[PDB]
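Peer 1: sequence? don't have it. structure:
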Ligand code: CLA
Ligand code: CLA
Ligand code: CLA
Ligand code: CLA
Ligand code: CLA
Ligand code: CLA
Ligand SMILES: CC1=C(/C=C/C(C)=C/C=C/C(C)=C/C=C/C=C(C)/C=C/C=C(C)/C=C/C2=C(C)CCCC2(C)C)C(C)(C)CCC1
Ligand code: SF4
């Protein structure tokens, strides 16, 4: 599956994994920390 | 008082009809 | 008529003549390249200016060069 | 009150708008059974709403005549009056991540230029090299100023121009 | 002797109207005759016409 | 149709352009008077509809007759004087046709 | 065969683009056949006489139609509850409800309500009767005829000027500062002091008694004595009724600031002192230069000595006088840049500081004048860069411009275009991001989560000018500062009582919607200059086309090769900038119109809550204020806004027709026109009728110009119908 | 007649739970407009168990289609003169697809 891992390392597959990662990071943040308009403490 | 009933058909129906004619005849003239 | 000039960066690979849809271009003997030949534009009265010649020139900053000039009934490509 | 403004914990249009939103949620809630699944989500929306108003009034945001929080985007009026978390703290919390990505991509380009053919590792990204540059790019402003002090950040007039 | 750069040396283009101006390619052959543009340079950078090679003169050519 | 086109005046070479313009004028006059007299701006008046529908039709014939002489000075029957005779015959024939449309009301 | 008398190559064109290019490169005198530089300058001089005569004929026509079909004498008596009249309507296509709908303003026939502001400008300069306006129309018709005689006679060979006369830049810049600007402003102060001031006080000063009526009761003795303060002793009171002598006042050169309390306009006394002061300063600046008398300064010596060393500007300004004087496109570019900026200045300062009596009560006049001069300024500012792009192709010489600022500009052109690209990309990213953010917050019912950045930097400027609404108390809103204290008798208290009035346009109070829209304006300005500067600097060449200067300014392309070269010329980069220019001026006039509509209605909070998000721009300004516009005609009837209801659709029709020339390009249409040529040449009895010009489709550059022309005309006509109807319907 | 058809529910994160409107029937979601509920009444569904089982059947049939394309390209792919039997394709598609399919829907 070395060719399958080179397919997993192509541009749109990395794009759709990394954008789901950076989407579902910010989404879990806005679940556990609702409505951040201002930098609080 | 008769000026808008006379100058407006001349300027829009008569003098452009000269301009649709005399400025068109000048286009296709054969150069000597 | 259009202005079709060529330049001494010609490598003589005669691709502008094959690309020409109007037989404006032709290959002339010359001694500035390995192919011993350079193009020419003897028939620029028939040129339309469609620039297929300089889609086919391989030399960087094209050796053939069409300059769009006055338009006759042959430069406009009219059957009428 | 910096520029004709007022604290949101002081203004009454802010509290009136809170009561307006809770009134819309209440008249929306009045249709359902008290323990059903829509009513739980509506009361959770009310709880998030009231927590949002409490934490906007707590941080000292400035309301206007409209009853809406404002952002003072000037240091020296944010640092002096305690509004640095509005713009002045996230204007570096952004730029760390911006220069982070701009440094990681820069180093991924420069570390792939000197290969057999670079373009194949730009459509097919070398993932161990990418994750190595992802982790070790954490100190990017440090490495950026150490690269600027060389002159290895810029390139000289070896660059490509037209006809100056 | 063999005028021009050698068979595979890196080179820099000084033709200002070229696509590869101030840009580095490999000489692949230098024609040893009275040709105006003897130095043949191949690039990795292709131009807008998709061509990676071009002829250049001797004054439009400088090593490294 | 090669037989039918040998009848209408624009193809009859052996007849004068004056009579050609006259027959074209009277054959277009009561035609073009129709849309002005049946459905123009002043239709629902049984005094002025047949008057305005003829006066505007005669004005449109005058426009077409000036426009023919404009074409004749542009292009040069196929002569500078034959098309002028055609234009004058069309003016007389088209105004006669509009008047004939006002007759047969 | 004959019609391009200037172009023998266009004269040999058998097609129908002979006509279209005979109309279009007729005033490109440099590309004419047989043109020399002397005949160039002579035709430009005659052309400038023709433009001056048309401007004077146009103004005389305005005066004559106001004097004849207008109610100026009736408007003088009541300038608040009487609408002005432009000209009467004679439209035979009208029906009886249309005749009865356009009769207003106290007239008898159908009339048009003028929004050009000319009654307010003429009433404050002394016009009171129609007989004062017929004399003005006859005078400007005579002056227009004089300029037509002048443009005819300076083409005659006994009166044709030399080549060297036009290149006297020294004498021209002397005379057009001293005489054309200083003496003209001094004469306008002479009109203000002698005529406009006593007519504002209610005393008739015409051509019969101006040698017998003193402007000041002790006149010309304080000027010769030295006590000029005697010309400012008794100004007009705060109970002054304009045009009468009820609490009149006797000063002629006062210095007050603020507004007249009745007319809400600038005082005529300090407008007189304004034009007198800048007349004196223009005369002093116009005796600066050395023409033919030994003293002064020379243009050949000042330029090539301002060069900073150590690689600051390179060789500095060395070699510009060889290129400013020899190039006309450089002079036209600088002239258009200056005129297009001071036209924006006229627009910005005629709404906030209205100079004319009973202006800024006529709201439709104010909206029309602002939007008018802002689009005039946008077109003139994009043409400044257009002729700056024509300069680099036709006029620029690198061997004449070795190392100056004009060559260093082309040297780092990539840095200029890349930094304009960065600024435009930043401004668009974050302006659209904050607007879409506020729209998503308004949609989810949470207005409190909006990014509402307060405009701190401009509220600080308002508070430094004396607006005590924000509490920054810096210079003029602080009662203890020195700039406050050292002007309390000179010019400050009227200005402070005029800013702190919340019902004029003098430094409007501003909030986060004005932050967002000033950054939208900055986006538009930086992107329009990105397109224009990129067209001016790549006008000579690029890596896609290193010999773009060999093809000229306007050309279609360089074909499909090298990837494709659509819109590669500098003309085609002016072209794409006109769209972003109309965008920018549309943003500034949307913002002006909506902030003033909410000001005039009273509810500035209705703007402040809605201008923060683009749905509020769509439904509270475009949807809301276009009700009485689109109800100009309906199946129930029609009213006086129906001519703006029609034009609003008419502008919608031209605009879309522009897209036909914009989206569809030539070659579809040539293939369609060839089938039409077949159908005409095979139709029986239509074979007799044959063309003289062979029908071809419109050329590529022509398709650009026609689509841009329809785009701009539909844009202007739509917004003019919307602006005039939206303001004058409810007001 | 008084309950709006809804078949899409959003997750309550960034305030988008306002899109879960009061469609009726003790339910919050997005009011659909694709007409599936009227299909399902016209088919006689009457239970979400039948919808769940025909959804499982649709997943099974989607796997059958993906396996079929894999099979008829990679494992046993038809020759050219198989495709050029357009008479057999029309007889089978008028008969089996259109005819037997509407006979089965008649059943
Ligand atoms: C440029 C314009 C712009 C700006 C400045 C903002 C700004 C904001 N928006 Mg907005 N928005 C915009 C455009 C913009 N938006 C557009 C165009 C839309 C429409 C798509 C929206 C739609 C939108 C919604 C629907 C919401 C916002 C929200 C917000 C707030 C952000 C809260 C948040 O998520 O905290 C994020 C805070 C962080 C600290 C994230 C940093 C990430 C981590 C912590 C740092 C890294 C740590 C670690 C190293 C990572 C591990 C790496 C891993 C590999 C192991 C903030 C006020 C939210 C809000 O509360 O409104 C006020 C909200 O609900 N916006
Ligand atoms: C003192 C002598 C004098 C004077 C008065 C003039 C006057 C003029 N010359 Mg001239 N000239 C002179 C000497 C003089 N010349 C000499 C000695 C030479 C030879 C070196 C020339 C060579 C020359 C050329 C080659 C040309 C002129 C042109 C012009 C005209 C300028 C057109 C225009 O509108 O600008 C005047 C502009 C304004 C009045 C408006 C701007 C003023 C301010 C800054 C704007 C804001 C205030 C505004 C007025 C408020 C408006 C309110 C209301 C009126 C709407 C004008 C008639 C040009 C022309 O049109 O040809 C006839 C032209 O092409 N001249
Ligand atoms: C002082 C003002 C001034 C002057 C003297 C010039 C002078 C010149 N310009 Mg320039 N220009 C100016 C302002 C000026 N421009 C401005 C403000 C712009 C921005 C709009 C431009 C944009 C511009 C471009 C892009 C080009 C020129 C060109 C030219 C040259 C040829 C003129 C020409 O083609 O005429 C003939 C002009 C026309 C026939 C105009 C076409 C008609 C327009 C589109 C108006 C249509 C509106 C329509 C009538 C509205 C009716 C509505 C309907 C419903 C009733 C000449 C040197 C050209 C040049 O040098 O060629 C290389 C060129 O390419 N200029
Ligand atoms: C609404 C129409 C519209 C919009 C949005 C733009 C936008 C832009 N134009 Mg313009 N333009 C337009 C119409 C428009 N134009 C028209 C009609 C013309 C005449 C042909 C031009 C001619 C023109 C020229 C000639 C130039 C521009 C330039 C620009 C850029 C300016 C920089 C900027 O603001 O970046 C901000 C970016 C935006 C506002 C758009 C980005 C939208 C979001 C943020 C992207 C991400 C959304 C989302 C995640 C994507 C999901 C997609 C998919 C997965 C579903 C920008 C891309 C200039 C340029 O390139 O500058 C560098 C330039 O030179 N334009
Ligand atoms: C895991 C199983 C598997 C494997 C390893 C292969 C392997 C191969 N197949 Mg094969 N194939 C398979 C299953 C498989 N196939 C199935 C299930 C089908 C039926 C659909 C086919 C149909 C098929 C055909 C018809 C062809 C191949 C070809 C190929 C070769 C190159 C394919 C390529 O470049 O992939 C990269 C391609 C993809 C990853 C395709 C992705 C597109 C998928 C199928 C649909 C997209 C769905 C998505 C929802 C749409 C996006 C919208 C989005 C915004 C929501 C290679 C030998 C080609 C060949 O031999 O060329 C000579 C060829 O022509 N295969
Ligand atoms: C009675 C037999 C029969 C039936 C029912 C079908 C049905 C179909 N054929 Mg078809 N075909 C047949 C015989 C048949 N064919 C023959 C004999 C030939 C050779 C001449 C072809 C050659 C052919 C080609 C070349 C193509 C089709 C395609 C299609 C599909 C059209 C899309 C559609 O309407 O989806 C309707 C969807 C359904 C009815 C869903 C039910 C799915 C059933 C179970 C599969 C179809 C029945 C199948 C033929 C039975 C074989 C079972 C298998 C184990 C052997 C459809 C599934 C096209 C297609 O989409 O290919 C995938 C296509 O490109 N056919
Ligand atoms: C393309 C080109 C061109 C054109 C250009 C242009 C178009 C430009 C523009 C320019 C511009 C358009 C500029 C502007 C400027 C402006 C400015 C420079 C301003 C200033 C101002 C100031 C300085 C102010 C000050 C002040 C303040 C702050 C406030 C208070 C008062 C005072 C005064 C103090 C040419 C032709 C040359 C050619 C080359 C290139
Ligand atoms: S131009 Fe290109 S193609 Fe034409 S001759 Fe020279 S080299 Fe051969």
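Peer 2: Received it, and whenever you're ready, just let me know what you need. Residues are numbered from 1 along each chain as shown, chains lettered A, B, ... in the order given. Ligands and ions are numbered 1, 2, ... in the order given.

Peer 1: Now do the same for residue F:64: helix, strand or coil?
Peer 2: Assigned state for residue F:64: helix (three-state reduction, DSSP: H, G, I helix; E, B strand; the rest coil).

Peer 1: Measure how buried it is and give me the count.
Peer 2: Other residues within reach of residue F:64, judged by other Cβ atoms under 10 Å in any protein chain shown, total 16. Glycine gets a C-beta too; all of them are placed from N, C-alpha and C.

Peer 1: ditto for residue E:32
Peer 2: One way to gauge burial is a neighbour count; for residue E:32, by other Cβ under 10 Å, it gives 11.

Peer 1: Excluding sequence neighbours, find me the nearest residue to it.
Peer 2: residue E:2 (6.4 Å; Cβ to Cβ, 6 or more residues apart in numbering or on different chains).

Peer 1: you'd agree residue C:65 is in a strand?
Peer 2: Yes - the assignment for residue C:65 is a strand, going by three-state DSSP.

Peer 1: measure stretch G:6-25 end to end?
Peer 2: 9 Å (Cα to Cα, to the nearest Å).

Peer 1: which other residues reach the strand or helix carrying residue G:188?
Peer 2: For residue G:188, the element it lies in under DSSP states H and E is helix G:184-191. Helix G:184-191 is touched from outside by G:125, G:126, G:272, G:275, G:276, G:278, G:279, G:280, G:282, G:283, with contacts defined as Cβ atoms under 8 Å, 6 or more residues apart in numbering or on different chains.

Peer 1: from the residues you listed, which would you call buried?
Peer 2: For the contacts of helix G:184-191, a burial check counting by 16 or more other Cβ atoms under 10 Å in any protein chain shown picks out G:125, G:126, G:272, G:275, G:276, G:278, G:279, G:282, G:283.

Peer 1: Narrow those residues to those in helices?
Peer 2: G:272, G:275, G:276, G:278, G:279, G:282, G:283 (DSSP state H).

Peer 1: what about the residue nearest to residue E:32, how many neighbours?
Peer 2: 8.

Peer 1: Could you double-check that it lies in contact with residue E:30?
Peer 2: Yes - with contacts counted by Cβ atoms under 8 Å, residue E:2 reaches residue E:30, the gap being 7.1 Å.

Peer 1: now residue G:393, what's its secondary structure?
Peer 2: Using three-state DSSP, the three-state assignment for residue G:393 comes out as helix.

Peer 1: With residue B:8 instead?
Peer 2: Per three-state DSSP, the local secondary structure of residue B:8 is helix.

Peer 1: for residue G:472, same thing?
Peer 2: coil.

Peer 1: how close does it sit to residue D:65?
Peer 2: Between residue G:472 and residue D:65 the distance, using Cβ to Cβ, to the nearest Å, works out to 18 Å.

Peer 1: So which residues of chain D form strands?
Peer 2: D:6-7, D:62-63, D:69-70 (DSSP state E).

Peer 1: so when I look at residue G:503, I'm seeing a helix, right?
Peer 2: No - assigned with three-state DSSP, residue G:503 falls outside any helix and is coil.

Peer 1: and it, what is it in contact with?
Peer 2: By Cβ under 8 Å, 6+ apart, the contact set of residue G:503 is residue G:599.

Peer 1: Apply 10 Å and report the result again.
Peer 2: Neighbouring residues of residue G:503 by Cβ atoms under 10 Å, 6 or more residues apart in numbering or on different chains: G:264, G:360, G:599, G:600, G:602.

Peer 1: Give the closest residue to the residue located most distally from the centre of chain A in space, chain neighbours not counted.
Peer 2: Each residue of chain A has a distance to the centre, and by Cα atoms, centre = their mean the biggest one is for residue A:41: 25.1 Å. By the measure of Cβ to Cβ, 6+ apart, the closest residue to residue A:41 outside its immediate chain neighbours is residue D:85, 7.9 Å from it.

Peer 1: roughly how far apart are that neighbour and chain B?
Peer 2: As judged by Cβ to the nearest Cβ, to the nearest Å, residue D:85 and chain B stand 69 Å apart.

Peer 1: what's the answer for residue D:164, then?
Peer 2: With the distance defined as Cβ to the nearest Cβ, residue D:164 ends up 46 Å from chain B.

Peer 1: Mind jotting down where the strands sit in chain E?
Peer 2: Secondary structure of chain E (DSSP E): strands located at E:10-13, E:24-30, E:39-42, E:53-56, E:61-63.

Peer 1: Determine the set of other helices and strands touching the helix or strand hosting residue G:704.
Peer 2: Under the assignment given by DSSP H and E, the secondary-structure element containing residue G:704 is helix G:700-728. In this structure, helix G:700-728 makes packing contacts with helix G:17-24, helix G:363-390, helix G:571-601, helix G:624-625, helix G:627-630, helix G:642-662, judged by 3 or more Cβ pairs under 10 Å, 6 or more residues apart in numbering or on different chains; DSSP states H and E.

Peer 1: Dump those helices to TSV, plus distance to residue E:54 and mean neighbour count.
Peer 2: Written out in TSV, the entries for the helices and strands packed on helix G:700-728 read as follows (distance: least, Cβ to Cβ, whole Å; neighbours: other Cβ atoms under 10 Å in any protein chain shown):
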stretch	distance to residue E:54	mean neighbour count
helix G:17-24	38	18
helix G:363-390	30	23
helix G:571-601	28	21
helix G:624-625	62	16
helix G:627-630	62	16
helix G:642-662	38	18
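
Peer 1: got a list of what residue G:644 touches?
Peer 2: Listed by Cβ under 10 Å, 6+ apart, the contact partners of residue G:644 are G:628-630, G:632, G:650, G:720-726, G:728-729.

Peer 1: Repeat that for residue C:54.
Peer 2: When contacts are counted by Cβ under 10 Å, 6+ apart, residue C:54 is found next to C:4, C:6, C:16, C:19, C:62-66, E:49, G:558-559, G:561-562.
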